[PDB]
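**Student:** Sharing structure-v1.json below, JSON, N, CA and C atoms:
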```
[["chain", "number", "residue", "atom", "x", "y", "z"],
["A", 1, "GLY", "N", -26.90, -10.14, -1.55],
["A", 1, "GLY", "CA", -25.54, -9.97, -1.10],
["A", 1, "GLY", "C", -24.96, -11.02, -0.20],
["A", 2, "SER", "N", -23.78, -11.52, -0.52],
["A", 2, "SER", "CA", -23.17, -12.57, 0.29],
["A", 2, "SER", "C", -21.76, -12.17, 0.61],
["A", 3, "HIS", "N", -21.22, -12.84, 1.61],
["A", 3, "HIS", "CA", -19.80, -12.56, 1.94],
["A", 3, "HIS", "C", -18.89, -12.86, 0.76],
["A", 4, "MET", "N", -19.09, -13.95, 0.03],
["A", 4, "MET", "CA", -18.19, -14.21, -1.06],
["A", 4, "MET", "C", -18.28, -13.15, -2.12],
["A", 5, "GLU", "N", -19.49, -12.65, -2.36],
["A", 5, "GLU", "CA", -19.63, -11.52, -3.29],
["A", 5, "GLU", "C", -18.79, -10.32, -2.84],
["A", 6, "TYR", "N", -18.91, -9.99, -1.57],
["A", 6, "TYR", "CA", -18.17, -8.81, -1.08],
["A", 6, "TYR", "C", -16.70, -9.06, -0.99],
["A", 7, "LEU", "N", -16.25, -10.29, -0.82],
["A", 7, "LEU", "CA", -14.83, -10.59, -0.97],
["A", 7, "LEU", "C", -14.35, -10.27, -2.37],
["A", 8, "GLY", "N", -15.17, -10.57, -3.37],
["A", 8, "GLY", "CA", -14.80, -10.22, -4.74],
["A", 8, "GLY", "C", -14.65, -8.73, -4.92],
["A", 9, "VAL", "N", -15.56, -7.97, -4.32],
["A", 9, "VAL", "CA", -15.49, -6.50, -4.39],
["A", 9, "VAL", "C", -14.22, -6.00, -3.67],
["A", 10, "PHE", "N", -13.96, -6.51, -2.48],
["A", 10, "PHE", "CA", -12.78, -6.20, -1.75],
["A", 10, "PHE", "C", -11.50, -6.45, -2.58],
["A", 11, "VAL", "N", -11.42, -7.61, -3.20],
["A", 11, "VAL", "CA", -10.20, -7.91, -4.00],
["A", 11, "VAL", "C", -10.09, -6.94, -5.17],
["A", 12, "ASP", "N", -11.21, -6.65, -5.86],
["A", 12, "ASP", "CA", -11.17, -5.73, -7.00],
["A", 12, "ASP", "C", -10.72, -4.35, -6.55],
["A", 13, "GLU", "N", -11.27, -3.88, -5.45],
["A", 13, "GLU", "CA", -10.90, -2.54, -4.97],
["A", 13, "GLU", "C", -9.45, -2.51, -4.54],
["A", 14, "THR", "N", -9.01, -3.50, -3.79],
["A", 14, "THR", "CA", -7.63, -3.57, -3.32],
["A", 14, "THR", "C", -6.67, -3.59, -4.49],
["A", 15, "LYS", "N", -6.98, -4.32, -5.57],
["A", 15, "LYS", "CA", -6.11, -4.30, -6.75],
["A", 15, "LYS", "C", -5.99, -2.91, -7.36],
["A", 16, "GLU", "N", -7.01, -2.11, -7.35],
["A", 16, "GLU", "CA", -6.86, -0.76, -7.86],
["A", 16, "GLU", "C", -5.82, 0.01, -7.10],
["A", 17, "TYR", "N", -5.86, -0.11, -5.75],
["A", 17, "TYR", "CA", -4.92, 0.62, -4.89],
["A", 17, "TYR", "C", -3.52, 0.06, -5.01],
["A", 18, "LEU", "N", -3.39, -1.26, -5.16],
["A", 18, "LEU", "CA", -2.05, -1.82, -5.39],
["A", 18, "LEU", "C", -1.50, -1.36, -6.71],
["A", 19, "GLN", "N", -2.29, -1.19, -7.77],
["A", 19, "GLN", "CA", -1.81, -0.63, -9.03],
["A", 19, "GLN", "C", -1.38, 0.81, -8.88],
["A", 20, "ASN", "N", -2.15, 1.57, -8.14],
["A", 20, "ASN", "CA", -1.77, 2.96, -7.87],
["A", 20, "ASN", "C", -0.43, 3.02, -7.18],
["A", 21, "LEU", "N", -0.25, 2.17, -6.19],
["A", 21, "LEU", "CA", 1.01, 2.17, -5.45],
["A", 21, "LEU", "C", 2.17, 1.80, -6.30],
["A", 22, "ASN", "N", 1.98, 1.03, -7.40],
["A", 22, "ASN", "CA", 3.03, 0.74, -8.36],
["A", 22, "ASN", "C", 3.37, 1.95, -9.23],
["A", 23, "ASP", "N", 2.35, 2.62, -9.70],
["A", 23, "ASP", "CA", 2.47, 3.83, -10.51],
["A", 23, "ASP", "C", 3.19, 4.93, -9.75],
["A", 24, "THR", "N", 2.74, 5.17, -8.52],
["A", 24, "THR", "CA", 3.30, 6.24, -7.72],
["A", 24, "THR", "C", 4.76, 5.99, -7.39],
["A", 25, "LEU", "N", 5.03, 4.78, -6.97],
["A", 25, "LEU", "CA", 6.40, 4.45, -6.54],
["A", 25, "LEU", "C", 7.37, 4.46, -7.70],
["A", 26, "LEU", "N", 6.94, 4.11, -8.91],
["A", 26, "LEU", "CA", 7.82, 4.26, -10.06],
["A", 26, "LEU", "C", 8.21, 5.71, -10.27],
["A", 27, "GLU", "N", 7.31, 6.65, -10.12],
["A", 27, "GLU", "CA", 7.64, 8.07, -10.22],
["A", 27, "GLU", "C", 8.47, 8.54, -9.04],
["A", 28, "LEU", "N", 8.21, 8.06, -7.84],
["A", 28, "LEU", "CA", 8.95, 8.44, -6.64],
["A", 28, "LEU", "C", 10.41, 8.09, -6.83],
["A", 29, "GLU", "N", 10.67, 6.96, -7.47],
["A", 29, "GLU", "CA", 12.07, 6.58, -7.65],
["A", 29, "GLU", "C", 12.80, 7.57, -8.54],
["A", 30, "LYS", "N", 12.13, 8.23, -9.47],
["A", 30, "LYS", "CA", 12.74, 9.25, -10.33],
["A", 30, "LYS", "C", 13.06, 10.52, -9.53],
["A", 31, "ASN", "N", 12.34, 10.79, -8.45],
["A", 31, "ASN", "CA", 12.61, 11.95, -7.58],
["A", 31, "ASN", "C", 12.26, 11.55, -6.14],
["A", 32, "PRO", "N", 13.10, 10.80, -5.42],
["A", 32, "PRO", "CA", 12.75, 10.26, -4.07],
["A", 32, "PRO", "C", 12.45, 11.44, -3.14],
["A", 33, "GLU", "N", 12.68, 12.71, -3.41],
["A", 33, "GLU", "CA", 12.35, 13.79, -2.49],
["A", 33, "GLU", "C", 10.98, 14.35, -2.80],
["A", 34, "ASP", "N", 10.28, 13.78, -3.79],
["A", 34, "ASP", "CA", 8.98, 14.38, -4.12],
["A", 34, "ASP", "C", 7.94, 14.01, -3.08],
["A", 35, "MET", "N", 7.63, 14.98, -2.25],
["A", 35, "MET", "CA", 6.70, 14.78, -1.13],
["A", 35, "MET", "C", 5.29, 14.48, -1.57],
["A", 36, "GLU", "N", 4.91, 14.95, -2.78],
["A", 36, "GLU", "CA", 3.56, 14.61, -3.21],
["A", 36, "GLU", "C", 3.46, 13.10, -3.50],
["A", 37, "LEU", "N", 4.46, 12.59, -4.16],
["A", 37, "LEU", "CA", 4.47, 11.17, -4.44],
["A", 37, "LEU", "C", 4.56, 10.36, -3.16],
["A", 38, "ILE", "N", 5.36, 10.82, -2.20],
["A", 38, "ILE", "CA", 5.37, 10.14, -0.88],
["A", 38, "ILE", "C", 3.97, 10.13, -0.30],
["A", 39, "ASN", "N", 3.31, 11.26, -0.33],
["A", 39, "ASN", "CA", 1.96, 11.37, 0.15],
["A", 39, "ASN", "C", 0.98, 10.44, -0.61],
["A", 40, "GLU", "N", 1.11, 10.32, -1.90],
["A", 40, "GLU", "CA", 0.29, 9.42, -2.68],
["A", 40, "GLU", "C", 0.40, 7.98, -2.20],
["A", 41, "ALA", "N", 1.65, 7.60, -2.00],
["A", 41, "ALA", "CA", 1.86, 6.24, -1.51],
["A", 41, "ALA", "C", 1.30, 6.05, -0.12],
["A", 42, "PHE", "N", 1.55, 7.00, 0.78],
["A", 42, "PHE", "CA", 0.95, 6.94, 2.09],
["A", 42, "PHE", "C", -0.58, 6.74, 2.02],
["A", 43, "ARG", "N", -1.25, 7.54, 1.19],
["A", 43, "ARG", "CA", -2.69, 7.55, 1.12],
["A", 43, "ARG", "C", -3.26, 6.19, 0.65],
["A", 44, "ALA", "N", -2.55, 5.61, -0.34],
["A", 44, "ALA", "CA", -3.01, 4.29, -0.83],
["A", 44, "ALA", "C", -2.85, 3.24, 0.24],
["A", 45, "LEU", "N", -1.70, 3.23, 0.94],
["A", 45, "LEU", "CA", -1.50, 2.26, 2.02],
["A", 45, "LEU", "C", -2.49, 2.46, 3.13],
["A", 46, "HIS", "N", -2.80, 3.70, 3.47],
["A", 46, "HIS", "CA", -3.75, 3.98, 4.53],
["A", 46, "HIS", "C", -5.12, 3.49, 4.12],
["A", 47, "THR", "N", -5.52, 3.68, 2.87],
["A", 47, "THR", "CA", -6.82, 3.17, 2.40],
["A", 47, "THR", "C", -6.84, 1.65, 2.51],
["A", 48, "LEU", "N", -5.77, 0.98, 2.06],
["A", 48, "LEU", "CA", -5.72, -0.51, 2.17],
["A", 48, "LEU", "C", -5.83, -0.96, 3.60],
["A", 49, "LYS", "N", -5.18, -0.27, 4.53],
["A", 49, "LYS", "CA", -5.26, -0.64, 5.94],
["A", 49, "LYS", "C", -6.68, -0.58, 6.40],
["A", 50, "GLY", "N", -7.36, 0.50, 6.05],
["A", 50, "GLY", "CA", -8.74, 0.66, 6.49],
["A", 50, "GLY", "C", -9.69, -0.37, 5.88],
["A", 51, "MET", "N", -9.49, -0.69, 4.60],
["A", 51, "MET", "CA", -10.29, -1.76, 3.99],
["A", 51, "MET", "C", -10.07, -3.07, 4.69],
["A", 52, "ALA", "N", -8.84, -3.42, 4.94],
["A", 52, "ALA", "CA", -8.56, -4.68, 5.65],
["A", 52, "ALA", "C", -9.24, -4.67, 7.01],
["A", 53, "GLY", "N", -9.22, -3.53, 7.73],
["A", 53, "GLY", "CA", -9.83, -3.49, 9.02],
["A", 53, "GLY", "C", -11.31, -3.74, 9.00],
["A", 54, "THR", "N", -12.02, -3.27, 7.97],
["A", 54, "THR", "CA", -13.48, -3.45, 7.93],
["A", 54, "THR", "C", -13.82, -4.89, 7.59],
["A", 55, "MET", "N", -12.89, -5.68, 7.05],
["A", 55, "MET", "CA", -13.09, -7.10, 6.78],
["A", 55, "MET", "C", -12.58, -7.95, 7.92],
["A", 56, "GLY", "N", -11.87, -7.38, 8.89],
["A", 56, "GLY", "CA", -11.25, -8.09, 9.98],
["A", 56, "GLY", "C", -10.02, -8.89, 9.54],
["A", 57, "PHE", "N", -9.34, -8.44, 8.50],
["A", 57, "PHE", "CA", -8.16, -9.12, 8.01],
["A", 57, "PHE", "C", -6.92, -8.60, 8.75],
["A", 58, "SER", "N", -6.68, -9.14, 9.90],
["A", 58, "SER", "CA", -5.71, -8.65, 10.85],
["A", 58, "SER", "C", -4.31, -8.57, 10.28],
["A", 59, "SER", "N", -3.86, -9.64, 9.65],
["A", 59, "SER", "CA", -2.48, -9.67, 9.18],
["A", 59, "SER", "C", -2.31, -8.66, 8.04],
["A", 60, "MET", "N", -3.30, -8.55, 7.16],
["A", 60, "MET", "CA", -3.15, -7.58, 6.09],
["A", 60, "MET", "C", -3.14, -6.19, 6.70],
["A", 61, "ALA", "N", -4.02, -5.92, 7.64],
["A", 61, "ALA", "CA", -4.10, -4.56, 8.26],
["A", 61, "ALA", "C", -2.80, -4.23, 8.91],
["A", 62, "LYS", "N", -2.21, -5.17, 9.66],
["A", 62, "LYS", "CA", -0.97, -4.86, 10.36],
["A", 62, "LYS", "C", 0.16, -4.67, 9.38],
["A", 63, "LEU", "N", 0.24, -5.40, 8.31],
["A", 63, "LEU", "CA", 1.25, -5.20, 7.28],
["A", 63, "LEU", "C", 1.08, -3.81, 6.63],
["A", 64, "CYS", "N", -0.16, -3.50, 6.25],
["A", 64, "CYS", "CA", -0.39, -2.15, 5.69],
["A", 64, "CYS", "C", -0.04, -1.06, 6.66],
["A", 65, "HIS", "N", -0.24, -1.29, 7.95],
["A", 65, "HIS", "CA", 0.14, -0.32, 8.96],
["A", 65, "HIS", "C", 1.65, -0.18, 9.05],
["A", 66, "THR", "N", 2.40, -1.26, 9.09],
["A", 66, "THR", "CA", 3.86, -1.21, 9.10],
["A", 66, "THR", "C", 4.36, -0.42, 7.91],
["A", 67, "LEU", "N", 3.77, -0.66, 6.73],
["A", 67, "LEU", "CA", 4.23, 0.01, 5.52],
["A", 67, "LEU", "C", 3.86, 1.46, 5.51],
["A", 68, "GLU", "N", 2.63, 1.78, 5.95],
["A", 68, "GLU", "CA", 2.16, 3.16, 6.03],
["A", 68, "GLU", "C", 3.10, 3.90, 7.01],
["A", 69, "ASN", "N", 3.55, 3.27, 8.09],
["A", 69, "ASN", "CA", 4.44, 3.95, 9.00],
["A", 69, "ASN", "C", 5.71, 4.35, 8.34],
["A", 70, "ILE", "N", 6.28, 3.57, 7.43],
["A", 70, "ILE", "CA", 7.49, 3.96, 6.66],
["A", 70, "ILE", "C", 7.18, 5.23, 5.88],
["A", 71, "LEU", "N", 6.08, 5.23, 5.11],
["A", 71, "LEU", "CA", 5.77, 6.40, 4.30],
["A", 71, "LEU", "C", 5.40, 7.59, 5.12],
["A", 72, "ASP", "N", 4.83, 7.37, 6.30],
["A", 72, "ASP", "CA", 4.50, 8.47, 7.19],
["A", 72, "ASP", "C", 5.74, 9.13, 7.76],
["A", 73, "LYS", "N", 6.71, 8.30, 8.14],
["A", 73, "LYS", "CA", 8.03, 8.86, 8.55],
["A", 73, "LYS", "C", 8.60, 9.67, 7.40],
["A", 74, "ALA", "N", 8.52, 9.15, 6.18],
["A", 74, "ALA", "CA", 9.16, 9.82, 5.06],
["A", 74, "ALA", "C", 8.43, 11.13, 4.75],
["A", 75, "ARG", "N", 7.07, 11.16, 4.87],
["A", 75, "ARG", "CA", 6.35, 12.38, 4.51],
["A", 75, "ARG", "C", 6.62, 13.48, 5.55],
["A", 76, "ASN", "N", 7.01, 13.17, 6.79],
["A", 76, "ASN", "CA", 7.36, 14.15, 7.81],
["A", 76, "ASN", "C", 8.86, 14.36, 7.84],
["A", 77, "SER", "N", 9.60, 13.90, 6.83],
["A", 77, "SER", "CA", 11.04, 14.05, 6.66],
["A", 77, "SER", "C", 11.82, 13.48, 7.81],
["A", 78, "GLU", "N", 11.33, 12.41, 8.44],
["A", 78, "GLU", "CA", 12.01, 11.71, 9.51],
["A", 78, "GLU", "C", 13.05, 10.74, 8.99],
["A", 79, "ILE", "N", 12.77, 10.24, 7.79],
["A", 79, "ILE", "CA", 13.63, 9.32, 7.07],
["A", 79, "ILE", "C", 13.59, 9.65, 5.57],
["A", 80, "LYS", "N", 14.60, 9.23, 4.85],
["A", 80, "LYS", "CA", 14.69, 9.51, 3.41],
["A", 80, "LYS", "C", 14.30, 8.22, 2.67],
["A", 81, "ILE", "N", 13.74, 8.46, 1.48],
["A", 81, "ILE", "CA", 13.46, 7.32, 0.58],
["A", 81, "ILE", "C", 14.72, 6.81, -0.06],
["A", 82, "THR", "N", 15.23, 5.67, 0.30],
["A", 82, "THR", "CA", 16.51, 5.29, -0.32],
["A", 82, "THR", "C", 16.18, 4.11, -1.21],
["A", 83, "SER", "N", 17.10, 3.63, -2.02],
["A", 83, "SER", "CA", 16.87, 2.37, -2.69],
["A", 83, "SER", "C", 16.46, 1.25, -1.78],
["A", 84, "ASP", "N", 17.17, 1.11, -0.66],
["A", 84, "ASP", "CA", 16.87, 0.04, 0.26],
["A", 84, "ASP", "C", 15.44, 0.23, 0.75],
["A", 85, "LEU", "N", 15.04, 1.46, 1.07],
["A", 85, "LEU", "CA", 13.68, 1.64, 1.59],
["A", 85, "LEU", "C", 12.63, 1.26, 0.56],
["A", 86, "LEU", "N", 12.98, 1.68, -0.66],
["A", 86, "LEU", "CA", 12.03, 1.35, -1.73],
["A", 86, "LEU", "C", 11.88, -0.15, -1.90],
["A", 87, "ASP", "N", 12.96, -0.90, -1.70],
["A", 87, "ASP", "CA", 12.88, -2.34, -1.80],
["A", 87, "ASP", "C", 11.89, -2.84, -0.73],
["A", 88, "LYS", "N", 11.96, -2.26, 0.46],
["A", 88, "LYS", "CA", 11.10, -2.67, 1.55],
["A", 88, "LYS", "C", 9.64, -2.36, 1.27],
["A", 89, "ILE", "N", 9.39, -1.17, 0.73],
["A", 89, "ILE", "CA", 8.02, -0.79, 0.39],
["A", 89, "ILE", "C", 7.45, -1.63, -0.74],
["A", 90, "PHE", "N", 8.23, -1.85, -1.79],
["A", 90, "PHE", "CA", 7.77, -2.71, -2.87],
["A", 90, "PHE", "C", 7.53, -4.14, -2.39],
["A", 91, "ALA", "N", 8.38, -4.64, -1.51],
["A", 91, "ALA", "CA", 8.16, -5.96, -0.94],
["A", 91, "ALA", "C", 6.84, -6.10, -0.21],
["A", 92, "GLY", "N", 6.45, -5.02, 0.49],
["A", 92, "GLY", "CA", 5.16, -5.05, 1.19],
["A", 92, "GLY", "C", 4.04, -4.96, 0.16],
["A", 93, "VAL", "N", 4.12, -4.13, -0.87],
["A", 93, "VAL", "CA", 3.09, -4.04, -1.93],
["A", 93, "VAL", "C", 2.90, -5.44, -2.53],
["A", 94, "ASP", "N", 4.03, -6.09, -2.84],
["A", 94, "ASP", "CA", 3.96, -7.43, -3.42],
["A", 94, "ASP", "C", 3.36, -8.45, -2.47],
["A", 95, "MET", "N", 3.61, -8.34, -1.17],
["A", 95, "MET", "CA", 3.01, -9.29, -0.23],
["A", 95, "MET", "C", 1.50, -9.02, -0.16],
["A", 96, "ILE", "N", 1.04, -7.77, -0.15],
["A", 96, "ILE", "CA", -0.39, -7.52, -0.11],
["A", 96, "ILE", "C", -1.04, -8.05, -1.35],
["A", 97, "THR", "N", -0.35, -7.89, -2.47],
["A", 97, "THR", "CA", -0.86, -8.48, -3.70],
["A", 97, "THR", "C", -1.09, -9.98, -3.53],
["A", 98, "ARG", "N", -0.12, -10.67, -2.94],
["A", 98, "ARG", "CA", -0.23, -12.10, -2.75],
["A", 98, "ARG", "C", -1.39, -12.44, -1.81],
["A", 99, "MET", "N", -1.52, -11.67, -0.74],
["A", 99, "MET", "CA", -2.65, -11.85, 0.18],
["A", 99, "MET", "C", -3.97, -11.69, -0.54],
["A", 100, "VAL", "N", -4.13, -10.66, -1.32],
["A", 100, "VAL", "CA", -5.38, -10.38, -2.02],
["A", 100, "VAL", "C", -5.65, -11.48, -3.03],
["A", 101, "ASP", "N", -4.64, -11.92, -3.74],
["A", 101, "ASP", "CA", -4.86, -12.98, -4.72],
["A", 101, "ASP", "C", -5.29, -14.32, -4.11],
["A", 102, "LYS", "N", -4.88, -14.56, -2.88],
["A", 102, "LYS", "CA", -5.15, -15.74, -2.05],
["A", 102, "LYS", "C", -6.64, -15.79, -1.73],
["A", 103, "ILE", "N", -7.32, -14.65, -1.55],
["A", 103, "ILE", "CA", -8.73, -14.62, -1.20],
["A", 103, "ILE", "C", -9.57, -15.35, -2.26],
["A", 104, "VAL", "N", -9.19, -15.20, -3.48],
["A", 104, "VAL", "CA", -9.91, -15.55, -4.69],
["A", 104, "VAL", "C", -9.23, -16.78, -5.30],
["A", 105, "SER", "N", -8.21, -17.28, -4.58],
["A", 105, "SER", "CA", -7.53, -18.47, -5.02],
["A", 105, "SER", "C", -8.37, -19.73, -4.85]]
```
Hey, can you dump this file as structure tokens for me?
**Tutor:**
Amino acid sequence: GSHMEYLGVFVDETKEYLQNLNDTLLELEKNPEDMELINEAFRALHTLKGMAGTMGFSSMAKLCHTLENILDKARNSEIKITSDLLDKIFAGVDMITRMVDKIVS
């Protein structure tokens, strides 16, 4: 086992969660009040945050935390999922994608 090997595992796992977050958010847009879908997105972001933390990837962890906070507000009905919000969430998903792809670049 080497660090580069485990970086490969990290990127593979993170890509699964980023794909989930794409699937979930496409359905959320069809019913932005669906709390289960909000929860799905929250859970994926929270998992990504925790993975980044165990690797010491500070910027990725803090980005995942900022994004998880949006979904956490939404799951407690503090804020509504709007088009604009969705743009913000998708932008963060896309930035994490770019970060993850950079590891293996």
**Student:** From the list A:87, A:100, A:76, A:26, which residue is nearest residue 14 (chain A) when using only C-alpha atoms?
**Tutor:**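 The closest residue to residue 14 (chain A) is A:100.
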**Student:** So that I can check the surroundings of region 5-9 of chain A, please list as number ranges by chain every protein, DNA and RNA residue that reaches within 8 Å of it, counting only N, CA and C atoms and ignoring chain neighbours fewer than 5 positions away.
**Tutor:** A: 14-15, 103-104
**Student:** Would you mind writing down, as JSON, numbers by chain, each residue of chain A that DSSP on the backbone assigns to helix (DSSP H, G or I)?
**Tutor:** {"A": [3, 4, 5, 6, 7, 8, 9, 10, 11, 12, 13, 14, 15, 16, 17, 18, 19, 20, 21, 22, 23, 24, 25, 26, 27, 28, 29, 30, 35, 36, 37, 38, 39, 40, 41, 42, 43, 44, 45, 46, 47, 48, 49, 50, 51, 52, 53, 54, 55, 58, 59, 60, 61, 62, 63, 64, 65, 66, 67, 68, 69, 70, 71, 72, 73, 74, 75, 83, 84, 85, 86, 87, 88, 89, 90, 91, 92, 93, 94, 95, 96, 97, 98, 99, 100, 101, 102, 103]}
